[PDB]
>>> print(open('final32.tsv').read())   # TSV, C-alpha atoms and all ligand atoms
chain	number	residue	atom	x	y	z
A	442	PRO	CA	-32.81	-3.25	-1.31
A	443	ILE	CA	-30.49	-5.79	-2.95
A	444	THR	CA	-26.78	-6.39	-2.29
A	445	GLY	CA	-24.63	-7.68	-5.12
A	446	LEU	CA	-21.62	-9.96	-4.73
A	447	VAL	CA	-19.05	-10.76	-7.39
A	448	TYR	CA	-16.46	-13.54	-7.05
A	449	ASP	CA	-14.59	-15.71	-9.55
A	450	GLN	CA	-12.11	-18.44	-8.68
A	451	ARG	CA	-10.16	-17.81	-11.90
A	452	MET	CA	-8.61	-14.86	-10.10
A	453	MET	CA	-6.80	-17.45	-7.95
A	454	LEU	CA	-4.56	-18.33	-10.90
A	455	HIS	CA	-2.32	-15.31	-10.26
A	456	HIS	CA	0.53	-16.52	-8.04
A	457	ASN	CA	4.19	-16.22	-7.01
A	458	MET	CA	5.98	-19.22	-8.51
A	459	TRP	CA	9.17	-18.74	-6.47
A	460	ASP	CA	7.38	-18.38	-3.14
A	461	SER	CA	4.06	-20.15	-2.66
A	462	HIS	CA	3.77	-18.54	0.76
A	463	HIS	CA	3.96	-14.94	-0.46
A	464	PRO	CA	1.42	-12.94	1.60
A	465	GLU	CA	-0.65	-11.99	-1.50
A	466	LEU	CA	-2.01	-15.54	-1.63
A	467	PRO	CA	-4.61	-16.92	-4.07
A	468	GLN	CA	-6.38	-18.27	-0.98
A	469	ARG	CA	-7.19	-14.73	0.18
A	470	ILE	CA	-10.28	-14.51	-2.01
A	471	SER	CA	-11.29	-18.17	-1.64
A	472	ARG	CA	-11.24	-17.93	2.18
A	473	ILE	CA	-13.30	-14.72	2.11
A	474	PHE	CA	-15.82	-16.41	-0.20
A	475	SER	CA	-16.17	-19.53	1.96
A	476	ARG	CA	-16.72	-17.37	5.04
A	477	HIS	CA	-19.52	-15.59	3.18
A	478	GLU	CA	-21.02	-19.00	2.40
A	479	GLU	CA	-20.60	-20.20	6.00
A	480	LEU	CA	-22.26	-17.15	7.56
A	481	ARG	CA	-25.13	-17.39	5.05
A	482	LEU	CA	-24.23	-14.00	3.60
A	483	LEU	CA	-23.69	-15.24	0.04
A	484	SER	CA	-27.17	-16.75	-0.27
A	485	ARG	CA	-28.66	-13.36	0.66
A	486	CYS	CA	-26.80	-11.57	-2.14
A	487	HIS	CA	-27.55	-11.18	-5.85
A	488	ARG	CA	-24.71	-12.93	-7.67
A	489	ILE	CA	-23.10	-10.54	-10.16
A	490	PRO	CA	-21.18	-12.21	-13.01
A	491	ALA	CA	-17.46	-11.55	-13.40
A	492	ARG	CA	-15.97	-10.47	-16.71
A	493	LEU	CA	-12.74	-9.44	-18.41
A	494	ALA	CA	-12.00	-5.75	-18.70
A	495	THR	CA	-11.26	-4.73	-22.29
A	496	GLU	CA	-8.07	-2.97	-23.38
A	497	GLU	CA	-10.16	0.08	-24.30
A	498	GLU	CA	-11.44	0.14	-20.72
A	499	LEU	CA	-7.89	-0.19	-19.33
A	500	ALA	CA	-7.07	2.91	-21.39
A	501	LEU	CA	-9.44	4.92	-19.19
A	502	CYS	CA	-6.57	5.26	-16.69
A	503	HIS	CA	-3.51	3.51	-18.10
A	504	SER	CA	-1.08	4.26	-20.93
A	505	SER	CA	-0.94	1.87	-23.89
A	506	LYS	CA	2.72	1.19	-23.06
A	507	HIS	CA	1.86	-0.07	-19.57
A	508	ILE	CA	-1.01	-2.15	-20.95
A	509	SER	CA	1.14	-3.70	-23.68
A	510	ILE	CA	3.94	-4.75	-21.32
A	511	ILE	CA	1.69	-6.41	-18.74
A	512	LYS	CA	-0.31	-8.03	-21.54
A	513	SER	CA	2.90	-9.51	-22.99
A	514	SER	CA	3.58	-11.23	-19.67
A	515	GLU	CA	0.89	-13.79	-20.51
A	516	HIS	CA	3.27	-15.39	-23.02
A	517	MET	CA	6.51	-15.17	-21.02
A	518	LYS	CA	8.60	-18.03	-19.62
A	519	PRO	CA	9.26	-18.15	-15.83
A	520	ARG	CA	12.66	-16.40	-15.78
A	521	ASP	CA	11.51	-13.61	-18.11
A	522	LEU	CA	8.52	-13.17	-15.79
A	523	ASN	CA	11.01	-12.98	-12.91
A	524	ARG	CA	13.06	-10.27	-14.63
A	525	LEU	CA	10.01	-8.21	-15.60
A	526	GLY	CA	8.62	-8.42	-12.07
A	527	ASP	CA	11.91	-7.08	-10.74
A	528	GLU	CA	11.53	-3.94	-12.85
A	529	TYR	CA	8.76	-2.90	-10.48
A	530	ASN	CA	8.44	-2.01	-6.82
A	531	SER	CA	7.13	-5.15	-5.07
A	532	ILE	CA	5.60	-7.07	-7.99
A	533	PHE	CA	5.51	-10.76	-8.89
A	534	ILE	CA	4.03	-11.95	-12.19
A	535	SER	CA	2.71	-15.27	-13.48
A	536	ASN	CA	1.35	-16.28	-16.91
A	537	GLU	CA	-2.15	-15.75	-15.56
A	538	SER	CA	-1.54	-12.41	-13.82
A	539	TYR	CA	-2.73	-10.34	-16.78
A	540	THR	CA	-6.00	-12.26	-17.06
A	541	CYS	CA	-6.62	-12.09	-13.30
A	542	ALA	CA	-6.06	-8.34	-13.37
A	543	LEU	CA	-8.63	-8.11	-16.17
A	544	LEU	CA	-11.20	-10.10	-14.20
A	545	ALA	CA	-10.68	-7.99	-11.07
A	546	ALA	CA	-11.49	-4.79	-13.00
A	547	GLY	CA	-14.24	-6.29	-15.16
A	548	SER	CA	-15.95	-7.71	-12.08
A	549	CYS	CA	-15.95	-4.24	-10.49
A	550	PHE	CA	-17.26	-2.73	-13.73
A	551	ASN	CA	-20.23	-5.12	-13.72
A	552	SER	CA	-20.88	-4.29	-10.08
A	553	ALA	CA	-20.79	-0.54	-10.71
A	554	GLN	CA	-23.16	-0.99	-13.66
A	555	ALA	CA	-25.55	-3.02	-11.49
A	556	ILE	CA	-25.64	-0.34	-8.79
A	557	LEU	CA	-25.95	2.60	-11.20
A	558	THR	CA	-28.77	0.97	-13.18
A	559	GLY	CA	-30.65	0.06	-10.01
A	560	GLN	CA	-30.34	-3.73	-10.21
A	561	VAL	CA	-28.79	-3.62	-6.74
A	562	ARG	CA	-28.46	-0.92	-4.07
A	563	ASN	CA	-24.86	-1.84	-3.22
A	564	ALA	CA	-22.22	-4.50	-3.90
A	565	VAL	CA	-19.12	-6.30	-2.63
A	566	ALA	CA	-16.27	-7.39	-4.92
A	567	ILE	CA	-14.05	-10.19	-3.66
A	568	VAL	CA	-11.17	-9.70	-6.08
A	569	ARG	CA	-7.42	-10.00	-6.63
A	570	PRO	CA	-4.82	-8.86	-7.58
A	571	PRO	CA	-5.37	-5.47	-5.85
A	572	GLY	CA	-5.16	-2.14	-7.66
A	573	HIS	CA	-4.66	1.08	-5.69
A	574	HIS	CA	-0.83	1.23	-5.98
A	575	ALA	CA	-0.99	0.81	-9.77
A	576	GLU	CA	-0.20	3.99	-11.70
A	577	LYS	CA	-1.02	5.23	-15.19
A	578	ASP	CA	2.25	3.93	-16.57
A	579	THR	CA	3.44	1.42	-13.96
A	580	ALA	CA	2.65	-1.55	-11.74
A	581	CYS	CA	3.41	-1.35	-8.01
A	582	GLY	CA	2.81	-3.09	-4.67
A	583	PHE	CA	1.04	-6.28	-5.87
A	584	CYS	CA	-1.08	-4.12	-8.20
A	585	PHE	CA	-1.10	-4.20	-12.01
A	586	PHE	CA	-4.07	-2.03	-12.95
A	587	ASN	CA	-5.94	0.41	-10.72
A	588	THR	CA	-9.28	-1.36	-10.38
A	589	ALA	CA	-10.91	1.36	-8.25
A	590	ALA	CA	-9.73	4.25	-10.44
A	591	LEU	CA	-10.86	2.44	-13.59
A	592	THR	CA	-14.27	1.75	-12.04
A	593	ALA	CA	-14.70	5.46	-11.29
A	594	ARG	CA	-13.96	6.23	-14.94
A	595	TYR	CA	-16.10	3.34	-16.15
A	596	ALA	CA	-19.01	4.51	-13.99
A	597	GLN	CA	-18.75	7.99	-15.50
A	598	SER	CA	-18.50	6.40	-18.97
A	599	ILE	CA	-21.89	4.71	-18.57
A	600	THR	CA	-23.57	7.69	-16.94
A	601	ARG	CA	-22.25	11.21	-17.47
A	602	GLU	CA	-18.76	12.69	-17.31
A	603	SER	CA	-19.52	14.78	-14.20
A	604	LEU	CA	-20.84	11.88	-12.11
A	605	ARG	CA	-19.51	12.56	-8.61
A	606	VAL	CA	-17.60	9.57	-7.30
A	607	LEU	CA	-16.19	9.21	-3.81
A	608	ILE	CA	-13.30	6.79	-3.35
A	609	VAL	CA	-12.55	5.93	0.25
A	610	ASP	CA	-9.32	4.02	0.73
A	611	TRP	CA	-9.13	2.38	4.17
A	612	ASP	CA	-6.43	-0.05	3.16
A	613	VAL	CA	-3.48	0.50	5.53
A	614	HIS	CA	-1.28	1.70	2.66
A	615	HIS	CA	-1.71	4.94	0.71
A	616	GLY	CA	-3.23	4.38	-2.73
A	617	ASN	CA	-0.60	6.42	-4.57
A	618	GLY	CA	-2.01	5.32	-7.92
A	619	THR	CA	-5.52	6.53	-7.16
A	620	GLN	CA	-4.28	9.87	-5.77
A	621	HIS	CA	-2.21	10.59	-8.88
A	622	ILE	CA	-4.82	9.54	-11.47
A	623	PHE	CA	-7.42	11.93	-10.01
A	624	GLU	CA	-5.15	14.62	-8.49
A	625	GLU	CA	-6.32	17.28	-10.98
A	626	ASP	CA	-9.89	15.97	-10.97
A	627	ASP	CA	-12.83	17.48	-9.08
A	628	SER	CA	-15.40	14.85	-10.12
A	629	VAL	CA	-13.66	12.14	-8.11
A	630	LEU	CA	-13.07	12.74	-4.42
A	631	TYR	CA	-10.23	10.58	-3.10
A	632	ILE	CA	-10.04	10.07	0.63
A	633	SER	CA	-7.31	7.83	2.02
A	634	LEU	CA	-6.49	6.72	5.54
A	635	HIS	CA	-3.07	5.15	5.78
A	636	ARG	CA	-0.08	4.36	7.97
A	637	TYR	CA	2.50	7.00	7.01
A	638	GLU	CA	5.20	7.20	9.71
A	639	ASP	CA	6.57	10.48	8.31
A	640	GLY	CA	7.10	8.90	4.89
A	641	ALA	CA	8.83	5.77	6.18
A	642	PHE	CA	6.18	3.19	5.38
A	643	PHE	CA	5.26	1.66	2.00
A	644	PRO	CA	5.05	3.08	-0.57
A	645	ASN	CA	7.51	5.49	1.12
A	646	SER	CA	6.52	8.82	-0.42
A	647	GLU	CA	5.60	12.27	0.88
A	648	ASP	CA	2.70	12.19	-1.61
A	649	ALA	CA	0.76	10.44	1.15
A	650	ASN	CA	0.97	13.39	3.53
A	651	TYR	CA	-1.99	15.55	4.57
A	652	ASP	CA	-0.62	18.61	2.76
A	653	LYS	CA	-1.28	16.99	-0.62
A	654	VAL	CA	-4.76	18.38	-1.25
A	655	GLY	CA	-4.90	18.10	-5.02
A	656	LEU	CA	-3.81	20.26	-7.96
A	657	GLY	CA	-5.59	22.91	-10.03
A	658	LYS	CA	-9.34	22.34	-10.21
A	659	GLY	CA	-8.62	19.21	-8.19
A	660	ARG	CA	-7.51	21.19	-5.14
A	661	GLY	CA	-9.47	20.13	-2.06
A	662	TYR	CA	-10.56	16.87	-3.68
A	663	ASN	CA	-7.69	14.73	-2.39
A	664	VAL	CA	-7.80	13.97	1.33
A	665	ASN	CA	-4.83	12.18	2.91
A	666	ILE	CA	-5.21	11.14	6.54
A	667	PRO	CA	-1.69	9.93	7.55
A	668	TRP	CA	-1.06	7.97	10.76
A	669	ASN	CA	2.19	8.47	12.68
A	670	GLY	CA	3.61	6.41	15.58
A	671	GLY	CA	2.25	3.92	15.98
A	672	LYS	CA	-0.44	1.23	16.37
A	673	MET	CA	-3.91	2.60	15.54
A	674	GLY	CA	-7.34	1.04	16.00
A	675	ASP	CA	-11.12	1.50	15.94
A	676	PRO	CA	-11.05	4.68	18.07
A	677	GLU	CA	-8.71	6.48	15.67
A	678	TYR	CA	-10.61	5.44	12.55
A	679	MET	CA	-14.04	6.25	13.99
A	680	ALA	CA	-12.78	9.68	15.02
A	681	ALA	CA	-11.27	10.19	11.56
A	682	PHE	CA	-14.64	9.42	9.91
A	683	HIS	CA	-16.50	11.65	12.36
A	684	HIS	CA	-14.33	14.75	11.93
A	685	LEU	CA	-13.13	14.32	8.34
A	686	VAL	CA	-14.45	11.58	6.04
A	687	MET	CA	-18.22	11.93	6.60
A	688	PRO	CA	-18.37	15.73	6.88
A	689	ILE	CA	-16.39	16.13	3.64
A	690	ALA	CA	-18.31	13.35	1.86
A	691	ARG	CA	-21.68	14.92	2.73
A	692	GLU	CA	-20.59	18.29	1.34
A	693	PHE	CA	-19.26	16.59	-1.79
A	694	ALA	CA	-22.63	14.82	-2.19
A	695	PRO	CA	-21.36	11.76	-4.09
A	696	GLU	CA	-23.60	9.77	-6.42
A	697	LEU	CA	-21.46	6.66	-6.08
A	698	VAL	CA	-19.17	5.46	-3.32
A	699	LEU	CA	-16.25	3.16	-4.10
A	700	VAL	CA	-14.35	1.64	-1.22
A	701	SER	CA	-10.77	0.57	-1.73
A	702	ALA	CA	-11.27	-1.94	1.04
A	703	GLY	CA	-7.97	-3.41	2.10
A	704	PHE	CA	-8.13	-5.17	5.45
A	705	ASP	CA	-4.44	-4.96	6.28
A	706	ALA	CA	-5.24	-2.38	8.96
A	707	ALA	CA	-7.03	-5.24	10.71
A	708	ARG	CA	-5.83	-6.80	13.95
A	709	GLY	CA	-3.69	-9.83	13.10
A	710	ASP	CA	-2.23	-8.42	9.88
A	711	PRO	CA	1.60	-8.53	9.81
A	712	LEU	CA	2.02	-5.90	7.07
A	713	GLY	CA	-0.25	-3.29	8.64
A	714	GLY	CA	0.47	-3.51	12.34
A	715	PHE	CA	-2.84	-1.88	13.31
A	716	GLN	CA	-5.85	-3.18	15.26
A	717	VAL	CA	-9.08	-2.31	13.43
A	718	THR	CA	-11.60	-4.94	14.57
A	719	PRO	CA	-14.21	-6.61	12.33
A	720	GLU	CA	-16.83	-4.54	14.19
A	721	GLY	CA	-14.76	-1.46	13.33
A	722	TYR	CA	-15.06	-2.12	9.60
A	723	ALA	CA	-18.79	-2.74	9.94
A	724	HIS	CA	-19.27	0.72	11.46
A	725	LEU	CA	-17.15	2.40	8.77
A	726	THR	CA	-19.23	0.60	6.13
A	727	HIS	CA	-22.51	1.53	7.84
A	728	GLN	CA	-21.54	5.20	7.90
A	729	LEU	CA	-20.70	5.20	4.19
A	730	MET	CA	-24.11	3.62	3.45
A	731	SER	CA	-25.65	6.92	4.55
A	732	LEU	CA	-24.16	8.42	1.38
A	733	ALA	CA	-25.14	8.51	-2.29
A	734	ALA	CA	-28.51	6.82	-1.72
A	735	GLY	CA	-26.57	3.81	-0.46
A	736	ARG	CA	-24.81	3.38	-3.82
A	737	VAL	CA	-21.70	1.67	-2.46
A	738	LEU	CA	-19.20	-0.79	-3.96
A	739	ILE	CA	-16.74	-2.51	-1.56
A	740	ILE	CA	-13.60	-3.50	-3.47
A	741	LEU	CA	-11.00	-5.76	-1.86
A	742	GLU	CA	-7.50	-4.31	-1.88
A	743	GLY	CA	-4.89	-5.55	0.61
A	744	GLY	CA	-5.24	-7.68	3.74
A	745	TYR	CA	-3.11	-10.72	4.43
A	746	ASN	CA	-4.32	-12.47	7.55
A	747	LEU	CA	-6.69	-15.03	6.02
A	748	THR	CA	-8.88	-15.29	9.13
A	749	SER	CA	-8.84	-11.52	9.82
A	750	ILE	CA	-9.81	-10.50	6.29
A	751	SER	CA	-12.48	-13.15	5.85
A	752	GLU	CA	-14.16	-12.02	9.07
A	753	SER	CA	-13.65	-8.33	8.35
A	754	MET	CA	-15.02	-8.24	4.81
A	755	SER	CA	-17.88	-10.54	5.87
A	756	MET	CA	-18.77	-7.92	8.49
A	757	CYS	CA	-19.02	-5.27	5.75
A	758	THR	CA	-21.26	-7.45	3.56
A	759	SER	CA	-23.54	-7.99	6.55
A	760	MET	CA	-23.87	-4.20	6.83
A	761	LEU	CA	-24.62	-3.68	3.14
A	762	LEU	CA	-27.25	-6.39	3.51
A	763	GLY	CA	-28.88	-4.21	6.15
A	764	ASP	CA	-28.01	-5.95	9.41
A	765	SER	CA	-27.79	-3.80	12.54
A	766	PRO	CA	-24.25	-2.62	13.38
A	767	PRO	CA	-22.45	-4.61	16.10
A	768	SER	CA	-21.62	-2.97	19.44
A	769	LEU	CA	-18.09	-1.54	19.54
A	773	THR	CA	-10.73	4.68	24.62
A	774	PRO	CA	-9.65	8.30	23.98
A	775	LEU	CA	-7.44	8.92	20.94
A	776	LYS	CA	-3.67	8.60	20.85
A	777	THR	CA	-2.17	12.11	20.90
A	778	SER	CA	-0.41	11.46	17.59
A	779	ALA	CA	-3.72	10.50	15.98
A	780	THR	CA	-5.26	13.74	17.25
A	781	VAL	CA	-2.39	15.69	15.72
A	782	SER	CA	-2.92	13.87	12.42
A	783	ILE	CA	-6.61	14.73	12.39
A	784	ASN	CA	-5.99	18.40	13.27
A	785	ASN	CA	-3.38	18.57	10.51
A	786	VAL	CA	-5.89	17.38	7.90
A	787	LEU	CA	-8.61	19.64	9.33
A	788	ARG	CA	-6.34	22.68	9.04
A	789	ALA	CA	-5.21	21.66	5.55
A	790	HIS	CA	-8.78	21.27	4.21
A	791	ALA	CA	-10.33	24.24	5.99
A	792	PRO	CA	-10.15	26.41	2.87
A	793	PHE	CA	-11.92	23.88	0.62
A	794	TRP	CA	-14.64	22.47	2.84
A	795	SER	CA	-16.81	24.94	4.72
A	796	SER	CA	-18.40	22.15	6.77
A	797	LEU	CA	-15.14	21.68	8.64
A	801	K	K	-5.56	3.92	2.33
A	802	K	K	-9.34	14.17	-6.83
A	803	NA	NA	-14.11	21.31	-2.35
A	804	ZN	ZN	-2.31	-2.51	1.77
>>> encode(input="final32.tsv", output="structure tokens", more="lines below")
Ligand SMILES: [K+]
Ligand SMILES: [K+]
Ligand code: NA
Ligand SMILES: [Zn+2]
Amino acid sequence: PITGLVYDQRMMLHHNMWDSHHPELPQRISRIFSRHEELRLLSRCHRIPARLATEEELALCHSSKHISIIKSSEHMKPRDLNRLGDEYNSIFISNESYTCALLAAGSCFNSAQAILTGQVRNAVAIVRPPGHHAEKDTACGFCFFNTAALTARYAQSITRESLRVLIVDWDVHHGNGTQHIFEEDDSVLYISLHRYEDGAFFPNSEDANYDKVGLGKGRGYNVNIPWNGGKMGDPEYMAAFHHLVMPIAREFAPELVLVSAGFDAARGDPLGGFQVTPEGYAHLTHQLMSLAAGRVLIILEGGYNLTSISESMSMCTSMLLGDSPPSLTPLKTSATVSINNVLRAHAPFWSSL
């Protein structure tokens, strides 16, 4: 049982040149890496090489128009980069952004390939910029290309079209990009847990609500678990996995599990405002390892407290490596209502509920 780890410092090049303190810092991935070194987790892993995604691979999920525009940013001068970035919801762009986006996706491709060919059982990808807000034709919320969505399509490309992929998105924000790409798809099961606040939390859309179960053949295969007022923690997430994520996943019988692993739901994160502990993430990870013969790829999304996310993602790697789960109140009423809402919404599609 081998765990893969992919990390490249070239992904640090992507930066905000008008605010060097912008929360999506280059140092996010470097601090996670060093913590993996420090805890002797890195030395236990099989080092998977990073690579650039090709344009043909980007076309698995993205329009050529979207690809061309972001590609052209590599040759732009600072003010043009400023203007282009302002055409999007919450995006900054540097000359290196396009290349870093390519490495993020290519790294995840190589990890998926390693898992699916049996070189490793599972893998962790310490990458940036993130991906899950990125749409087919647009960039959004610090994301340029949808790394997770692309990896699902890449995985199917190197296996068979009907490879069943589960994408679990435990980043505090709804992965609107991932939901939309696969909304009519029944080969990719998208499950997201996210702070919703009745549509008044980024990315501020009712697409993130529980009632959005998918379209056409894809009905049932989109699971939104929205949190409303207010601070949520380990109890809420554990209960969500127990009643929803793991029962549905088992019935879906995935062959590959991708985790859109943001750690902005972690205690200490300003943008999330939740209190999922590092031990919390370990237990979520451990549960997912019971799926798909352990074929699990952990892909970094959001998470902005450098100490919180280094410790949190390290905890997940420890689990993938096979360490025993660390030792961990009744649910908030609102959380219970959220879970019953999803249960009632997905009753027709999943007989296990
Ligand atoms: K999420
Ligand atoms: K789907
Ligand atoms: Na179903
Ligand atoms: Zn996030």
>>> closest_residue(input="final32.tsv", among="A:530, A:523, A:726, A:633", to="ligand K 801 (chain A)", atoms="all atoms listed in the file")
A:633
>>> residues_around(input="final32.tsv", residues="residue A:477", least_positions_apart="2", cutoff="9 Å", atoms="only C-alpha atoms", output="JSON, numbers by chain")
{"A": [472, 473, 474, 475, 479, 480, 481, 482, 483, 484, 751, 752, 754, 755, 758]}
>>> closest_residue(input="final32.tsv", among="A:741, A:775, A:649, A:607", to="residue A:679", atoms="only C-alpha atoms")
A:775
>>> residues_around(input="final32.tsv", residues="stretch 611-626 of chain A", least_positions_apart="2", cutoff="8 Å", atoms="all atoms listed in the file", output="ChimeraX atom specification")
/A:502,573-577,587,589-590,609,628-631,633-637,643-644,648-649,655-660,662-663,700-706,713,742-744
>>> closest_atom_pairs(input="final32.tsv", of="chain A", to="ligand NA 803 (chain A)", cutoff="6 Å", atoms="all atoms listed in the file", output="JSON lines")
{"residue": "A:661", "atom": "CA", "partner": "A:NA803", "partner_atom": "NA", "distance": 4.8}
{"residue": "A:662", "atom": "CA", "partner": "A:NA803", "partner_atom": "NA", "distance": 5.8}
{"residue": "A:793", "atom": "CA", "partner": "A:NA803", "partner_atom": "NA", "distance": 4.5}
{"residue": "A:794", "atom": "CA", "partner": "A:NA803", "partner_atom": "NA", "distance": 5.3}
>>> closest_residue(input="final32.tsv", among="A:527, A:496, A:692, A:652", to="residue A:542", atoms="only C-alpha atoms")
A:496
>>> residues_around(input="final32.tsv", residues="stretch 448-460 of chain A", least_positions_apart="3", cutoff="7 Å", atoms="all atoms listed in the file", output="PyMOL selection string")
chain A and resi 463+466-467+491+533-535+537-538+541+544+566-569
>>> write_last_selection(input="final32.tsv", atoms="C-alpha atoms", output="mmCIF file, in the frame of the given file")
data_model
loop_
_atom_site.group_PDB
_atom_site.id
_atom_site.type_symbol
_atom_site.label_atom_id
_atom_site.label_comp_id
_atom_site.auth_asym_id
_atom_site.auth_seq_id
_atom_site.Cartn_x
_atom_site.Cartn_y
_atom_site.Cartn_z
ATOM 1 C CA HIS A 463 3.960 -14.940 -0.460
ATOM 2 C CA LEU A 466 -2.010 -15.540 -1.630
ATOM 3 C CA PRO A 467 -4.610 -16.920 -4.070
ATOM 4 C CA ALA A 491 -17.460 -11.550 -13.400
ATOM 5 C CA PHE A 533 5.510 -10.760 -8.890
ATOM 6 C CA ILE A 534 4.030 -11.950 -12.190
ATOM 7 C CA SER A 535 2.710 -15.270 -13.480
ATOM 8 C CA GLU A 537 -2.150 -15.750 -15.560
ATOM 9 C CA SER A 538 -1.540 -12.410 -13.820
ATOM 10 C CA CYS A 541 -6.620 -12.090 -13.300
ATOM 11 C CA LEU A 544 -11.200 -10.100 -14.200
ATOM 12 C CA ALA A 566 -16.270 -7.390 -4.920
ATOM 13 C CA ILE A 567 -14.050 -10.190 -3.660
ATOM 14 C CA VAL A 568 -11.170 -9.700 -6.080
ATOM 15 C CA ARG A 569 -7.420 -10.000 -6.630
#
>>> closest_residue(input="final32.tsv", among="A:667, A:605, A:723, A:774", to="ligand K 802 (chain A)", atoms="only C-alpha atoms and all ligand atoms")
A:605
>>> residues_around(input="final32.tsv", residues="residue A:546", least_positions_apart="5", cutoff="9 Å", atoms="all atoms listed in the file", output="count of residues only")
14
>>> residues_around(input="final32.tsv", residues="residue A:489", least_positions_apart="4", cutoff="7 Å", atoms="all atoms listed in the file", output="list in words")
residues 445, 446, 447 and 552 of chain A
>>> atom_distance(input="final32.tsv", atom1="atom CA of residue A:716", atom2="atom CA of residue A:650")
21.4 Å
>>> closest_residue(input="final32.tsv", among="A:673, A:681, A:666, A:783", to="ligand K 801 (chain A)", atoms="all atoms listed in the file")
A:666
>>> closest_residue(input="final32.tsv", among="A:760, A:593, A:557, A:697", to="residue A:725", atoms="all atoms listed in the file")
A:760
